Amino acid sequence: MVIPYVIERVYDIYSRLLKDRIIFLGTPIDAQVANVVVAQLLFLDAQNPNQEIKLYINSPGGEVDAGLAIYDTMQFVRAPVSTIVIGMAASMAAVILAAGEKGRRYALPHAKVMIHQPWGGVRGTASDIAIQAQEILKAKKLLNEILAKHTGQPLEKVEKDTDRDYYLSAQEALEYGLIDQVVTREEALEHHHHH
Amino acid sequence: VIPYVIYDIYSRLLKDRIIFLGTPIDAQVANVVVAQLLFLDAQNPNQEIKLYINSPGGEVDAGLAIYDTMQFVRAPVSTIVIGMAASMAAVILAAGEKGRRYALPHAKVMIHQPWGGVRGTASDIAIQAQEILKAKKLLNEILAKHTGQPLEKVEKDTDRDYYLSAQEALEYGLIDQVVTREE
Amino acid sequence: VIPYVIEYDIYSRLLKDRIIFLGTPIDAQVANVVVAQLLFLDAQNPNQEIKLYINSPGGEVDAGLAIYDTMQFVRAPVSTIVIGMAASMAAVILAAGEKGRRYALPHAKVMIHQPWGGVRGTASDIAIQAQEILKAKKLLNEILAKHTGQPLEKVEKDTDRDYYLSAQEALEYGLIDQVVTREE
Amino acid sequence: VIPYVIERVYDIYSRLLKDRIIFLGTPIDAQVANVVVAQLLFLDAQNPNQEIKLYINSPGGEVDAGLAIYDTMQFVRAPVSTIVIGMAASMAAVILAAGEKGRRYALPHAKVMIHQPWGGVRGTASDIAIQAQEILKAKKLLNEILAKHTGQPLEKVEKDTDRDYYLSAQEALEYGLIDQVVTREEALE
Amino acid sequence: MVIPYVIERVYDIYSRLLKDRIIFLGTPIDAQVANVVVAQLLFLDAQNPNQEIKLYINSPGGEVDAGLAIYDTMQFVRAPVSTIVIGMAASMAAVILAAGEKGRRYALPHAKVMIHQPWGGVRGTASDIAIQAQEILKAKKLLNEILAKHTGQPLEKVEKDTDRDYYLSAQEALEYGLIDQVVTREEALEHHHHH
Amino acid sequence: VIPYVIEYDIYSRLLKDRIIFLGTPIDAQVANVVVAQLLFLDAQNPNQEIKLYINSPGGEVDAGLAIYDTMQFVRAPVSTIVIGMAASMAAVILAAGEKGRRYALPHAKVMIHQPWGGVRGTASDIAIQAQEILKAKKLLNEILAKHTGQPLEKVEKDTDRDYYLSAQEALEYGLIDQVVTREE
Amino acid sequence: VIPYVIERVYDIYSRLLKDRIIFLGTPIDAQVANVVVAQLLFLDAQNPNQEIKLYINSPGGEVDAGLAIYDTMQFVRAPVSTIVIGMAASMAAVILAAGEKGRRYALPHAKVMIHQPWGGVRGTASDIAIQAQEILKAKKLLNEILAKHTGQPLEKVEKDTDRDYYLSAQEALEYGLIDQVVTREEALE
Amino acid sequence: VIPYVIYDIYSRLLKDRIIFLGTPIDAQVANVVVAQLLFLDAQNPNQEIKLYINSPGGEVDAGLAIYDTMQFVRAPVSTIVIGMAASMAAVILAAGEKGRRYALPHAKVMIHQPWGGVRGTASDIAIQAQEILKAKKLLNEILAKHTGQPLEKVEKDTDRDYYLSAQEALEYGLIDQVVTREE
Amino acid sequence: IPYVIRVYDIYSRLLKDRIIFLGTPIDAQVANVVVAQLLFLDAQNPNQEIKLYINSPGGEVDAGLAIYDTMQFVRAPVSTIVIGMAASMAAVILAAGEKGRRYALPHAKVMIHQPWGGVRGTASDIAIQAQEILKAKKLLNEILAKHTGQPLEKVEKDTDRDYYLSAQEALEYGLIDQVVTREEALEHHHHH
Ligand SMILES: *[B]([O])([O])[C]([C][C]([C])[C])[N]C(=O)[C]([C]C1=[C][C]=[C][C]=[C]1)[N]C(=O)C1=[C]N=[C][C]=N1
Ligand SMILES: *[B]([O])([O])[C]([C][C]([C])[C])[N]C(=O)[C]([C]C1=[C][C]=[C][C]=[C]1)[N]C(=O)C1=[C]N=[C][C]=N1
Ligand SMILES: *[B]([O])([O])[C]([C][C]([C])[C])[N]C(=O)[C]([C]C1=[C][C]=[C][C]=[C]1)[N]C(=O)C1=[C]N=[C][C]=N1
Ligand SMILES: *[B]([O])([O])[C]([C][C]([C])[C])[N]C(=O)[C]([C]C1=[C][C]=[C][C]=[C]1)[N]C(=O)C1=[C]N=[C][C]=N1
Ligand SMILES: *[B]([O])([O])[C]([C][C]([C])[C])[N]C(=O)[C]([C]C1=[C][C]=[C][C]=[C]1)[N]C(=O)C1=[C]N=[C][C]=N1
Ligand SMILES: *[B]([O])([O])[C]([C][C]([C])[C])[N]C(=O)[C]([C]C1=[C][C]=[C][C]=[C]1)[N]C(=O)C1=[C]N=[C][C]=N1
Ligand SMILES: *[B]([O])([O])[C]([C][C]([C])[C])[N]C(=O)[C]([C]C1=[C][C]=[C][C]=[C]1)[N]C(=O)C1=[C]N=[C][C]=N1
Ligand SMILES: *[B]([O])([O])[C]([C][C]([C])[C])[N]C(=O)[C]([C]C1=[C][C]=[C][C]=[C]1)[N]C(=O)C1=[C]N=[C][C]=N1
Ligand SMILES: *[B]([O])([O])[C]([C][C]([C])[C])[N]C(=O)[C]([C]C1=[C][C]=[C][C]=[C]1)[N]C(=O)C1=[C]N=[C][C]=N1
């Protein structure tokens, strides 16, 4: 990772966009990356609980527990976080996208969203498998409910849709409720009348 | 490795209607045990077959194959545990012809619930979780039938590893005699 | 370690008795050797029955169909007996024994599901290999429907994920004809 | 890759340390216990009366290293509020439960899991006997620590921890592991 | 490979069916398996140049040079060789199937045939690559011609068809000319009138 | 070994001059860092041009589109310059610079072709992933047609296999606007 | 897995040896040279006047081992007919070309390929110089052996073998490597 | 590894308009050489850039990148081979500003045709075979332009490895002076 | 490596004092960084001496010659000092310091021998590289003869196998000029 630098002020490129209240979620999600995203949110909200945070998303997903950490921290924090999917937002990364501030969830034109039920693995004795099987079942229902809340769709629809991989174009993601605008071009700064 | 007689040593004891189950149990060894039974019963459906057991267990499906074939075959099979009979190998021991299930003095029996592993999606895990649950209850029931113990007891005993001396295996019902000399 | 008997190894001796074992996962090499035993046993006597004991988790559809097609083609009727496990293609081979001569032991299982596989290549190449897997899926659903008697719309929905059957459940599904406990 | 902030350039975790925030987000081994312990000691030396927030996302780890973190929280004057985000399991559950009473928090979809210790020993029979006894004490010791800090009868924690025992955040409230399920930032009541 | 045995006569199962003039081509084709197939043909033709040889085929293909060895030996040998594809006959194995004695090329119902152009690889200098590139080009045209001969199809059709993987059902293989009969059931021995 | 200059490393200093390098194969991590540099350079001045030097063999379509979509979205016009090699997604990024501001050096190349990939799973799962690759294929053919001016039926037949273009050939195909030899 | 035939059970290659057939179907290293040489010596001891058929499918190998096979064919009284099925390259081409004149045969789609030797040397400068000289002799030696047995001028084989030179069976006829392209079994003319 | 001055040693010689090409050439090193040229020419398009060469060669595409950038940039680049300049690195040497291409006495130049590798189907190999053929002719032409030799000669010389002493490189046209002391 | 504070690592600080270390085996990347330090030190001041401490087992001839050619080319005189070991190309670099300013410590060694290498390829390709190694052999024998004063057939017969020299033996052979044991005392001088 040969990330570039910018300028008595030396940042790397992601650290400089952090000073502009931009966070990148660009890797698969495991505990380590959840923690560092959570920590950036906590810091940006402490800096100013009223300004918006932009969270750019390019991720294939990851661990439900780490994803929920990011989710719960977005809801908890006072600052509203606008999610923007560039390229790919799948599995837990779709959920994080859908859970931005309503009205400020954006996709670029050729970005995608994909959703599906969780997957995992257990080894152990029958008693041990039974316990973990029950745990994965709760996560499944829990994540279906979180999706239904934030898209507006009836829950038996998300359950049916996520049974296998469900790929959405950005427009299809609009029509599904996962985002609010498909953004193509950056508009001009605008003037206003003071009557 | 194995010595010869004028057969190899296990093949010669097969002409004396002796079968060895001395390895861990996977499909390949189940098949070859099943096949020896089928052959020995075709040779003579009334004579006894001795099945010497030294095994730590194995796959439930392969073990049941051996079990189902012992019950199905007309010849009565006497099970003898020398050294170790654990997990599915305990079940096979317990399912010899009642009255001719034998242990040597320092042999052991160990029983416990099944273990396994599943990868896949939530739907896929749910299915295999269900399957392991049936095998658990099924094997507890098979044990209760052949020892005489109440089923609530085998379920609580097999929750973790349950080691039995040969005498303790007598009192539990897994065998019929602790054999020391050759009468 | 397979044992010997005075003339054979144990599987070769039960072959004299017209017994064939399908006890491994199915790949081309084991299909060929099963096919070859059938061809030989039918040449030796096209009217006597062949017993095919099944303990297998399945395998490649192409190799499995080889075994299937050879059972239908050969004049001798082949009784399938599942001991322990018959899954995926091995379930199909079980179901395709001579009607009335398909047997399970009490604690044996059957499992059925749709095929799985993998393709690496360009988009054109994947499209071709995707179409091929789709035909195999429909083809195997149809073969199952014919030999169990079930409506095809049912096998397709049942095989969407792993579908485990006890031997009794296999009897009511049509995959076998008798759950055999004793020697009768 | 951790980002930086600004005659002062910190990395993001080091900056939240100036705000008396510590992260326990990895599995617990001696190396991470030591660095958590050291941050506590420093934060208490800077001001023994202000609170320390300890964010927890960890699957657990070695009992000895975990106890190090535990013992240091009790010993230090400053009260440490534990907050589980995502996951707190095994020793990490214990550390969660041992925050200042009333200041132990979970986010809504976070989890707690508890169970007895696991380990391994090679050696001769004499050697195995010794470390078998050691694991037995740790089991009894950790059950007691849990009972103290949740309020549950000890016969209950021993039965509950016999296998993996997963708790939702609400279930963790009811069990006594935490004090509030916090959904929004206003914890200024 | 735990192949079984049969009976002062001890054979393994493939060696016994060889005494019945049956040869198996069941593995991918490399020089080693070409040689052993070639050798069985030479022996069976020396035993009796007029009786038929049955060649059962279940193979995904292999090296063109080794395949041609099998092909050239079938044509050269006086005995007619009936090819039977059970399961799969692809690439060079399709060619070997198609080159059985016309009228005695058989498929089982669910067997397949697949054909396509050759593939390979070369490392070396530009001069060296040019040489091997020319070699692969001849093999391509050569194998297209061999297919056209033995199916009856116009050559620009086989060239077009083999550009990518071309899968054929057994019926489709009949209609293409690669085989002569789709064989399902073994018929009874039959009686004949002596008028 | 990247060298430093008195305040930066060499790529970070040319970033001050609104130069971005896309010199590796394209995966999500390099897409993100290119996207981020664009966003920063456009925030610094939405009217000045950004030069994007390209030496890349291509990469993942999703990451490439990220770079593409960000170039179109950002107000500043981005001049693409291929030095050495621009293939697969890197060709697309080249072709999508500001019309009239797409340049090749004399011996640079462009190569285009359809996507490739791989899927492992059940038949249902493969069908889904096969449909996805098919959309990407058509989508990328359309993006190429828009930015070169060629009829779509032509890009589809040209990209069926590897299609190598010299810089001049790239000029007559529409992928670039000038073959630049000197400094002018 | 090679099959068997029958108070006599041979494997298939051993049975065709009783018919004075030898297979050279692998790459050539010392081990396979020795076993080919040994079969020749045995077949010539059984009957020095009958022909030996040597079927060739090989990509070549070590010059020293190949020459062993070559020298043994010339030395032995019995005439050895070489038949290339599939492939005969490098040393295997040389062995093909050195069958009894008039009894060197190719099947229609078989190939011949010829080229100069390749190898490798590590060591000091003195050591490299020595084995460089050795490879140079082998090059010149093998070019001469080819010229003898094809009839071509030596300046031509040297230029032709500078890189890989692939020949169809017909092209091999025209070049002198073989005597007949045999399509059908009747070679009884 | 590399020492520091109060910059690291290569970065300090960059402020003296010196660039090192000391590794084998792949896309990553082409890019960083190209970038240094672009920067040095932006600093001052009239001053010379010295490019010290010790490299065994590399990928043609990356090499051409370096070549095309030297021609394109206004500043004249003097190439100096110390030790070794082979394959693409020879081409880059030969393409310095005519008259300021230098070798040290015991440095070498080696030239030859490209090498590579292709996997794939026959159609795919045909395409990449064609590509390597163009690169071969293209690089022979670039050599002929910058040495002055007839093209038939570079094609026959580069058929295998062609090693040149620095003097032999002078007479061939690849350089302009064999430099021994620092005048 | 330790640090000293302007801040430097220990080798970078001794570079300030016009000291260069050649302490690893010689491959292209270490040749380049040695060459670059020379070029910089000579640009700093073409008249002051550069000390080059040598502890190396040798390396690639091409990279070594790079270091050699750069020492001759550069105006500043470079004193070579072998501490511990100077073998193969590293011996050559030692011998090619400014005559009279080539030094060994008492228990240091010099070893010389002919080049070694390896080639894989076709006969034509091997012939070409074989010729190349032969030139390097003679070229390096000549460079040694030039800088020691020995007759060339002597270096050729001596370098046929490994030829180890003590520092004294290296003096008598011509590879160095002084065996230095104690840093010469700092003294007070008469100014009449
Ligand atoms: B996803 O594909 O990103 C998905 C999220 C959910 C919204 C459908 N993730 C999972 O299902 C993960 C997969 C995984 C990734 C890496 C390591 C291990 C597992 N599964 C879990 O997080 C999980 C949950 N409960 C139990 C076990 N595993
Ligand atoms: B034992 O330990 O041998 C035991 C049998 C006992 C319950 C009567 N065996 C199992 O539990 C096996 C263990 C195993 C062996 C080899 C590979 C994998 C697992 N389990 C199963 O066979 C099984 C059954 N149903 C589902 C999954 N696994
Ligand atoms: B089963 O799991 O045994 C199943 C058969 C079922 C549908 C009747 N087999 C397959 O799905 C096999 C699995 C496999 C085995 C070995 C290598 C790869 C895959 N799949 C195929 O045979 C197959 C066929 N065509 C395309 C891809 N895969
Ligand atoms: B948990 O899974 O995080 C758990 C904590 C306890 C409260 C149940 N950890 C342990 O039990 C650890 C696991 C371990 C981690 C890494 C290496 C080895 C073991 N066990 C121990 O710390 C331990 C204690 N006594 C003896 C041996 N091991
Ligand atoms: B096939 O897929 O079986 C095919 C045969 C032809 C009828 C289309 N085989 C090949 O293309 C082989 C592939 C191969 C397999 C194993 C190792 C190496 C290559 N290619 C060749 O035989 C070949 C031909 N000429 C040059 C290089 N390789
Ligand atoms: B190219 O070769 O760079 C090409 C883009 C072209 C069509 C404009 N890229 C792909 O085809 C990539 C290659 C790849 C890179 C890394 C891992 C796997 C594959 N394919 C995909 O991005 C892709 C997308 N959807 C499904 C499968 N593969
Ligand atoms: B050919 O490629 O089969 C060829 C034969 C010759 C007529 C051109 N073989 C060789 O050149 C062999 C190749 C080799 C094979 C295995 C290990 C090492 C080399 N070379 C030699 O036999 C050889 C001869 N002299 C010196 C070194 N190597
Ligand atoms: B040389 O050896 O450095 C040489 C350049 C010379 C002809 C001016 N390089 C090549 O021939 C490279 C070799 C290579 C290096 C690294 C990986 C793979 C190959 N060849 C190519 O760059 C190339 C060009 N077109 C097609 C294939 N390969
Ligand atoms: B020595 O051991 O340092 C010696 C130098 C010379 C004074 C006798 N080195 C060599 O001979 C090197 C050895 C080597 C080192 C690292 C990789 C490969 C080889 N040989 C060459 O430099 C050489 C090899 N082939 C051709 C030209 N030069």
# chains A, B, ... in the order shown; residues from 1 in each chain; ligands from 1

call {"tool": "residues_near_ligand", "arguments": {"ligand": "ligand 6", "cutoff": "8 Å", "atoms": "only C-alpha atoms and all ligand atoms", "output": "PyMOL selection string"}}
result
(chain C and resi 122) or (chain F and resi 25-27+57-64+87-92+112-119+129-130+132-133+136-137+140)

call {"tool": "residues_near_ligand", "arguments": {"ligand": "ligand 1", "cutoff": "8 Å", "atoms": "only C-alpha atoms and all ligand atoms", "output": "PDB file with C-alpha atoms, in the first residue's frame"}}
result
ATOM      1  CA  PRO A  28     -13.655  -6.600   3.664  1.00  0.00           C
ATOM      2  CA  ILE A  29     -15.039  -6.181   7.146  1.00  0.00           C
ATOM      3  CA  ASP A  30     -13.394  -7.924  10.047  1.00  0.00           C
ATOM      4  CA  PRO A  60     -17.653  -7.119  -0.266  1.00  0.00           C
ATOM      5  CA  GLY A  61     -18.900  -7.530   3.254  1.00  0.00           C
ATOM      6  CA  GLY A  62     -17.521  -9.408   6.210  1.00  0.00           C
ATOM      7  CA  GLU A  63     -18.339 -10.574   9.705  1.00  0.00           C
ATOM      8  CA  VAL A  64     -21.830  -9.755  10.973  1.00  0.00           C
ATOM      9  CA  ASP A  65     -20.566  -8.877  14.446  1.00  0.00           C
ATOM     10  CA  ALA A  66     -18.040  -6.375  13.110  1.00  0.00           C
ATOM     11  CA  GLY A  67     -20.563  -4.983  10.657  1.00  0.00           C
ATOM     12  CA  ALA A  90     -22.283  -6.389  -0.527  1.00  0.00           C
ATOM     13  CA  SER A  91     -23.511  -8.411   2.473  1.00  0.00           C
ATOM     14  CA  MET A  92     -22.809  -6.374   5.679  1.00  0.00           C
ATOM     15  CA  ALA A  93     -21.559  -3.532   3.498  1.00  0.00           C
ATOM     16  CA  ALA A  94     -24.995  -3.278   1.899  1.00  0.00           C
ATOM     17  CA  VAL A  95     -26.544  -3.072   5.358  1.00  0.00           C
ATOM     18  CA  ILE A 115     -27.600  -8.844  -0.292  1.00  0.00           C
ATOM     19  CA  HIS A 116     -27.986 -12.374   1.003  1.00  0.00           C
ATOM     20  CA  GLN A 117     -28.259 -14.327   4.221  1.00  0.00           C
ATOM     21  CA  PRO A 118     -25.245 -15.010   6.425  1.00  0.00           C
ATOM     22  CA  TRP A 119     -22.860 -17.878   6.009  1.00  0.00           C
ATOM     23  CA  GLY A 120     -20.456 -19.445   8.450  1.00  0.00           C
ATOM     24  CA  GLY A 121     -19.062 -22.599   9.907  1.00  0.00           C
ATOM     25  CA  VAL A 122     -18.988 -24.610  13.119  1.00  0.00           C
ATOM     26  CA  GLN A 132     -23.991 -22.106  17.050  1.00  0.00           C
ATOM     27  CA  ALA A 133     -26.704 -23.068  14.647  1.00  0.00           C
ATOM     28  CA  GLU A 135     -26.848 -18.187  16.885  1.00  0.00           C
ATOM     29  CA  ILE A 136     -26.672 -18.001  13.074  1.00  0.00           C
ATOM     30  CA  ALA A 139     -28.349 -13.201  13.039  1.00  0.00           C
ATOM     31  CA  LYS A 140     -30.282 -14.144   9.904  1.00  0.00           C
ATOM     32  CA  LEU A 143     -30.323  -8.769   9.671  1.00  0.00           C
TER      33      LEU A 143
ATOM     34  CA  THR B 121     -25.017 -20.586   4.351  1.00  0.00           C
ATOM     35  CA  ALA B 122     -27.481 -20.277   7.267  1.00  0.00           C
TER      36      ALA B 122
END

call {"tool": "select_by_dssp", "arguments": {"residues": "chain F", "states": "strand (DSSP E)", "output": "compact mmCIF listing (two decimals) with N, CA, C and O atoms, in the first residue's frame"}}
result
# COMPACT_ATOMS: atom_id res chain seq x y z
N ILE F 19 -1.12 15.60 -10.68
CA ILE F 19 -0.81 14.35 -11.39
C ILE F 19 -1.09 13.16 -10.49
O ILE F 19 -0.65 13.11 -9.32
N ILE F 20 -1.81 12.18 -11.05
CA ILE F 20 -2.15 10.91 -10.43
C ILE F 20 -1.59 9.78 -11.28
O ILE F 20 -1.72 9.81 -12.51
N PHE F 21 -1.00 8.79 -10.64
CA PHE F 21 -0.52 7.60 -11.33
C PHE F 21 -1.43 6.41 -11.08
O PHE F 21 -1.80 6.10 -9.94
N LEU F 22 -1.79 5.73 -12.16
CA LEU F 22 -2.48 4.45 -12.11
C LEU F 22 -1.53 3.46 -12.78
O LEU F 22 -1.63 3.16 -13.96
N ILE F 50 -6.81 17.63 -14.22
CA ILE F 50 -6.05 16.57 -13.58
C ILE F 50 -5.49 15.68 -14.67
O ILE F 50 -6.22 15.23 -15.56
N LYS F 51 -4.18 15.42 -14.60
CA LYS F 51 -3.53 14.46 -15.48
C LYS F 51 -3.45 13.12 -14.76
O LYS F 51 -3.01 13.06 -13.60
N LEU F 52 -3.91 12.06 -15.44
CA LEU F 52 -3.91 10.68 -14.94
C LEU F 52 -3.03 9.84 -15.88
O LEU F 52 -3.47 9.44 -16.96
N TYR F 53 -1.79 9.57 -15.47
CA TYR F 53 -0.88 8.70 -16.22
C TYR F 53 -1.24 7.23 -16.00
O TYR F 53 -1.43 6.79 -14.86
N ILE F 54 -1.31 6.46 -17.08
CA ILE F 54 -1.82 5.10 -17.02
C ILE F 54 -0.74 4.14 -17.49
O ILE F 54 -0.30 4.20 -18.64
N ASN F 55 -0.36 3.22 -16.62
CA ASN F 55 0.42 2.04 -17.01
C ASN F 55 -0.13 0.88 -16.18
O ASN F 55 0.32 0.64 -15.06
N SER F 56 -1.08 0.14 -16.74
CA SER F 56 -1.78 -0.88 -15.96
C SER F 56 -2.29 -1.96 -16.90
O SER F 56 -2.65 -1.68 -18.05
N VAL F 78 -10.39 15.37 -16.46
CA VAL F 78 -9.21 14.54 -16.25
C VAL F 78 -8.69 14.11 -17.61
O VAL F 78 -9.40 13.46 -18.39
N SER F 79 -7.46 14.51 -17.90
CA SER F 79 -6.78 14.06 -19.09
C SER F 79 -6.09 12.74 -18.76
O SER F 79 -5.31 12.67 -17.80
N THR F 80 -6.43 11.70 -19.51
CA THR F 80 -5.76 10.41 -19.43
C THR F 80 -4.58 10.35 -20.40
O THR F 80 -4.70 10.75 -21.56
N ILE F 81 -3.43 9.85 -19.92
CA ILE F 81 -2.24 9.62 -20.75
C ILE F 81 -1.74 8.20 -20.51
O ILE F 81 -1.23 7.90 -19.42
N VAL F 82 -1.81 7.34 -21.53
CA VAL F 82 -1.23 6.01 -21.43
C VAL F 82 0.23 6.03 -21.84
O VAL F 82 0.56 6.34 -23.00
N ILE F 83 1.12 5.70 -20.90
CA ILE F 83 2.54 5.44 -21.14
C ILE F 83 2.76 3.94 -21.00
O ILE F 83 2.21 3.31 -20.09
N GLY F 84 3.49 3.34 -21.92
CA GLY F 84 3.53 1.89 -21.87
C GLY F 84 2.23 1.14 -22.16
O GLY F 84 1.91 0.91 -23.33
N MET F 85 1.49 0.69 -21.14
CA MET F 85 0.37 -0.24 -21.33
C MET F 85 -0.92 0.24 -20.67
O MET F 85 -0.90 0.69 -19.51
N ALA F 86 -2.03 0.13 -21.40
CA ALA F 86 -3.38 0.30 -20.82
C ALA F 86 -4.30 -0.79 -21.37
O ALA F 86 -4.74 -0.71 -22.53
N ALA F 87 -4.61 -1.80 -20.54
CA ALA F 87 -5.36 -2.97 -20.98
C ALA F 87 -6.63 -3.16 -20.15
O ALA F 87 -6.74 -2.68 -19.02
N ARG F 102 -7.25 12.95 -24.30
CA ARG F 102 -6.82 11.57 -24.13
C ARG F 102 -5.60 11.32 -25.02
O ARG F 102 -5.72 11.35 -26.25
N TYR F 103 -4.46 11.02 -24.40
CA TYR F 103 -3.17 10.95 -25.09
C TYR F 103 -2.45 9.61 -24.86
O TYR F 103 -2.48 9.05 -23.76
N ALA F 104 -1.74 9.16 -25.89
CA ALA F 104 -0.81 8.03 -25.84
C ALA F 104 0.60 8.47 -26.22
O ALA F 104 0.76 9.35 -27.07
N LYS F 109 0.54 0.98 -25.69
CA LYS F 109 -0.46 0.09 -26.26
C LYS F 109 -1.75 0.21 -25.49
O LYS F 109 -1.79 0.63 -24.32
N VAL F 110 -2.78 -0.23 -26.18
CA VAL F 110 -4.11 -0.42 -25.66
C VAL F 110 -4.54 -1.81 -26.03
O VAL F 110 -4.23 -2.32 -27.12
N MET F 111 -5.18 -2.46 -25.08
CA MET F 111 -5.76 -3.75 -25.34
C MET F 111 -7.09 -3.81 -24.65
O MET F 111 -7.32 -3.17 -23.62
N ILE F 112 -8.02 -4.41 -25.38
CA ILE F 112 -9.39 -4.54 -24.94
C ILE F 112 -9.84 -5.96 -25.20
O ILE F 112 -9.36 -6.65 -26.10
N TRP F 116 -13.37 -11.63 -17.72
CA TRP F 116 -13.17 -13.01 -17.34
C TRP F 116 -13.36 -13.10 -15.83
O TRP F 116 -13.30 -12.09 -15.12
N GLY F 117 -13.63 -14.30 -15.36
CA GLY F 117 -13.85 -14.49 -13.94
C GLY F 117 -14.00 -15.95 -13.59
O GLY F 117 -13.55 -16.85 -14.32
N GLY F 118 -14.63 -16.18 -12.46
CA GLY F 118 -14.78 -17.53 -11.96
C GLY F 118 -15.82 -17.60 -10.89
O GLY F 118 -16.01 -16.66 -10.12
N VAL F 119 -16.53 -18.73 -10.84
CA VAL F 119 -17.59 -18.97 -9.87
C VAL F 119 -17.52 -20.42 -9.42
O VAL F 119 -17.31 -21.33 -10.22
N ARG F 120 -17.72 -20.62 -8.12
CA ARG F 120 -17.80 -21.94 -7.51
C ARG F 120 -19.07 -21.96 -6.65
O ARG F 120 -19.28 -21.04 -5.86
N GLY F 121 -19.91 -22.98 -6.80
CA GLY F 121 -21.11 -23.04 -6.00
C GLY F 121 -22.08 -24.02 -6.60
O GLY F 121 -21.73 -24.81 -7.49
N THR F 122 -23.31 -23.95 -6.11
CA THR F 122 -24.31 -24.83 -6.69
C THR F 122 -24.82 -24.21 -8.02
O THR F 122 -24.55 -23.04 -8.35
N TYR F 163 -7.61 -7.87 -28.17
CA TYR F 163 -7.54 -6.97 -29.33
C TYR F 163 -6.48 -5.92 -29.01
O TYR F 163 -6.72 -4.99 -28.23
N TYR F 164 -5.29 -6.08 -29.57
CA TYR F 164 -4.19 -5.16 -29.26
C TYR F 164 -4.17 -4.02 -30.27
O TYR F 164 -4.39 -4.23 -31.47
N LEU F 165 -3.94 -2.82 -29.77
CA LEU F 165 -3.90 -1.63 -30.60
C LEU F 165 -2.60 -0.90 -30.37
O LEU F 165 -2.22 -0.64 -29.21
N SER F 166 -1.92 -0.54 -31.46
CA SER F 166 -0.87 0.47 -31.33
C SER F 166 -1.50 1.82 -31.01
O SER F 166 -2.72 2.02 -31.11
N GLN F 178 -4.79 12.13 -29.34
CA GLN F 178 -3.49 12.47 -29.92
C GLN F 178 -2.41 11.49 -29.53
O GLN F 178 -2.27 11.14 -28.36
N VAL F 179 -1.60 11.12 -30.53
CA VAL F 179 -0.36 10.41 -30.25
C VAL F 179 0.72 11.48 -30.08
O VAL F 179 1.09 12.15 -31.04

call {"tool": "select_by_dssp", "arguments": {"residues": "chain B", "states": "helix (DSSP H, G or I)", "output": "PyMOL selection string"}}
result
chain B and resi 9-15+27-43+60-72+88-94+122-147+151-157+166-172

call {"tool": "residues_around", "arguments": {"residues": "residue 23 (chain A)", "least_positions_apart": "2", "cutoff": "9 Å", "atoms": "only C-alpha atoms", "output": "list in words"}}
result
residues 14, 15, 17, 18, 21, 25, 37, 40, 41, 53, 54, 55, 56 and 57 of chain A
